[PDB]
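Scroll down for the structure; my scribbles are underneath it.
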Amino acid sequence: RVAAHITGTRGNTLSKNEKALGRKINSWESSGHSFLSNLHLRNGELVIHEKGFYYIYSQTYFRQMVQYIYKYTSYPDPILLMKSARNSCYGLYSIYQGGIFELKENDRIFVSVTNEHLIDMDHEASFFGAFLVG
């Protein structure tokens, strides 16, 4: 089985730039409902082992709030796959988005966000994963 769901561990009050927009999230972890099967975690990125279509999704709890999902292929710069944007009026702005994407062996994917208004790493409120579809 090829699948992964990694948890955001929180230990609340948490734009863009040339190559990648927002700031990359790397505080996930492989006791919080997160696992790794035929995929691993490194530098806060999901490294692909098997080539195939993958339904990638991410929920970032914000507690211009835009969530990004990049892929690092055999190409110098990060390739943006999906982007979920929101704008506030306290606040509650969870953001879920997913989509099927073709990946090659060694492709690394990561989540990026605009900290426009805090991000809560509740292992239940903020996760990142993907799985092989066929």
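Chains: A, B, ... in order of the structure tokens. Residues: from 1 per chain. Ligands: from 1, in order shown.
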>> When you look at residue 4 (chain A) with a cut-off of 9 Å (counting only C-alpha atoms), what residues show up, excluding the ones that are within fewer than 4 positions of it in the same chain? I need them as a ChimeraX atom specification.
In response: /A:34-40,46,128-131
I need the residues from that last selection saved to file as a compact mmCIF listing (two decimals), in the first residue's frame (with N, CA, C and O atoms), if you can.
# COMPACT_ATOMS: atom_id res chain seq x y z
N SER A 34 -0.78 10.03 12.22
CA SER A 34 0.02 10.17 11.02
C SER A 34 0.85 8.93 10.78
O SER A 34 1.40 8.35 11.72
N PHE A 35 0.95 8.51 9.53
CA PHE A 35 1.73 7.33 9.16
C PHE A 35 2.44 7.57 7.84
O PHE A 35 2.27 8.62 7.22
N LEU A 36 3.23 6.59 7.41
CA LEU A 36 3.97 6.68 6.15
C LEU A 36 4.16 5.28 5.57
O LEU A 36 4.86 4.45 6.15
N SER A 37 3.54 5.03 4.43
CA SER A 37 3.63 3.73 3.78
C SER A 37 4.09 3.88 2.33
O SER A 37 3.41 4.49 1.51
N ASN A 38 5.26 3.32 2.04
CA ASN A 38 5.84 3.39 0.70
C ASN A 38 6.00 4.85 0.27
O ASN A 38 5.83 5.21 -0.89
N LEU A 39 6.36 5.66 1.26
CA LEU A 39 6.59 7.10 1.12
C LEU A 39 7.27 7.48 2.44
O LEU A 39 7.06 6.81 3.45
N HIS A 40 8.08 8.54 2.44
CA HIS A 40 8.72 8.95 3.68
C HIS A 40 8.73 10.46 3.85
O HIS A 40 8.41 11.19 2.91
N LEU A 46 7.09 15.33 1.40
CA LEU A 46 6.72 13.94 1.15
C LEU A 46 7.48 13.44 -0.07
O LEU A 46 7.24 13.89 -1.19
N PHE A 128 -1.35 16.76 6.26
CA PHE A 128 -0.83 16.74 4.90
C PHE A 128 -0.64 15.28 4.48
O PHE A 128 -0.06 14.50 5.22
N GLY A 129 -1.15 14.92 3.31
CA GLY A 129 -1.00 13.54 2.87
C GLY A 129 -1.15 13.35 1.37
O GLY A 129 -1.25 14.32 0.62
N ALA A 130 -1.16 12.09 0.95
CA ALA A 130 -1.30 11.75 -0.46
C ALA A 130 -1.37 10.24 -0.58
O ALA A 130 -0.96 9.52 0.33
N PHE A 131 -1.90 9.75 -1.70
CA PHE A 131 -2.00 8.32 -1.92
C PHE A 131 -2.13 7.96 -3.40
O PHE A 131 -2.63 8.74 -4.19
> Using only C-alpha atoms, which residues sit within 12 Å of residue 115 (chain A) once same-chain residues fewer than 5 positions away are excluded, as a VMD selection string?
Replying inline: chain A and resid 12 to 16 21 to 25 60 to 68 85 to 87 93 120
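When CA of residue 124 (chain A) is paired with CA of residue 84 (chain A), their separation reads 19.0 Å.
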>> My list of candidates is A:71, A:33, A:42, A:51. Which is closest to residue 2 (chain A) when distances are computed with only C-alpha atoms?
In response: A:51
>> as an MDAnalysis selection string, please: every residue in chain A that a backbone DSSP assignment puts in strand (DSSP E or B).
In response: chainID A and resid 3:8 23:24 28:29 35:37 39:42 45:48 52:62 65:72 79:86 93:103 108:113 119:120 127:133
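We find CA of residue 26 (chain A) and CA of residue 100 (chain A) to be spaced 22.3 Å apart.
Nearest residue to residue 119 (chain A), choosing from A:18, A:94, A:82, A:53 and counting only C-alpha atoms: A:94.
Atom pair CA of residue 8 (chain A) / CA of residue 121 (chain A): separated by 4.8 Å.
Among the candidates A:56, A:3, A:132, A:48, the one nearest to residue 96 (chain A) when counting only C-alpha atoms is A:56.
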> Which neighbours of residue 127 (chain A) fall inside 6 Å, counting only C-alpha atoms, when residues of the same chain fewer than 2 positions from it are skipped, and could you give them as a list in words?
Replying inline: residues 6, 7, 8, 58 and 59 of chain A
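Each of A:47, A:118, A:41, A:109 was checked against residue 78 (chain A) using only C-alpha atoms; the smallest atom-to-atom distance is that of A:109.
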